[PDB]
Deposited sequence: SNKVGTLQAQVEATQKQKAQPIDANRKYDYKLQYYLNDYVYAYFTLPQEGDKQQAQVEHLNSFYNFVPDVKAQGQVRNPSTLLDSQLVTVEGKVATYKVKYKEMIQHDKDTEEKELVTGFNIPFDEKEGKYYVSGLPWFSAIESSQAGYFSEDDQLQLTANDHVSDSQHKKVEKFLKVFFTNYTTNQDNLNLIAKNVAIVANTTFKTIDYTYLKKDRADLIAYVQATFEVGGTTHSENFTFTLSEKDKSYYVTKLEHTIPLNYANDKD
């Protein structure tokens, strides 16, 4: 535990290179001095056959170190360039060849730009879509006993830890929340347990949001005790 070792020197070295690369101030005192600091990252300033570049003042707005593999670090970069004057926001992937000598780091050649790749998945089957459209086969009198219990549960859940402890196992109260409404309830028996799949509305500051729950309910006296609580409803919820 407390004796674990972490070394983030490489990740922060690469962050410092990205900052040095995408940062160019306006005033010359500042500008050539920032270029010297950028050049300090290389083993050797890369050999460039062009006479020079067109350079505009620029500010780094954001960077994400997404991958390191095979001595290449890949970033997502957001920056702004002042063209003399208009300011333009730009994004690019940015790829840094680097290496290590005696536990120290350097950039080993000209970096390269790439198109940002999204890690967003797509192409899902409609079989994977949760819809809370099922109607359960539990009595209207059990529904009304469960609804009364759930209103007490969510009131305690948003207010009072000791009140919540009496009716639930190892559930923490939430902060800065008001319980508004129960919007869906599907009930299913599992031997002596009653399973409740529930959606409810909460207000935090001035904003409302909905959340899902799976309650495992045991009968206690004339009410219930929550032996288990989850914060998702599974696709198979209405498979009884």
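- Residues of the deposited sequence that lack C-alpha coordinates fall in the stretches 1-22, 107-110, 267-268.
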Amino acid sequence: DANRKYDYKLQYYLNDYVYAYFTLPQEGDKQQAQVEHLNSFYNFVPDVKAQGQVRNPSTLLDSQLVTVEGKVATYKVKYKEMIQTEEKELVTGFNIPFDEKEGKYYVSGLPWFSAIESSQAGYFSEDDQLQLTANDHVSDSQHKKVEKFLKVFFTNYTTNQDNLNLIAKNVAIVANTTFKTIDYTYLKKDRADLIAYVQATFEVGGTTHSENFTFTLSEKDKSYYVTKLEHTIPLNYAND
From here on, numbers count along this sequence of modelled residues.
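- For the pair 80-88 and 94-102, the mean Cα B-factor is higher in 80-88.
- Of the two stretches examined, 24-32 and 48-56, the record assigns the greater average C-alpha temperature factor to 24-32.
- Reading the B-factor column for the CA atoms of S108, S114, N156, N170 in the entry, the top value corresponds to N170.
- The top Cα temperature factor in the record, among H231, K228, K9, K220, falls on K220.
- Among the modelled residues of its chain, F149 has a C-alpha B-factor that falls in the middle third according to the deposited record.
- In the deposited entry, the Cα temperature factor of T178 places it in the middle third of its chain's modelled residues.
- Ranked against the other modelled residues of its chain, the C-alpha B-factor of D190 as given in the entry falls in the highest third.
- Among the modelled residues of its chain, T74 has a C-alpha B-factor that falls in the lowest third according to the deposited record.
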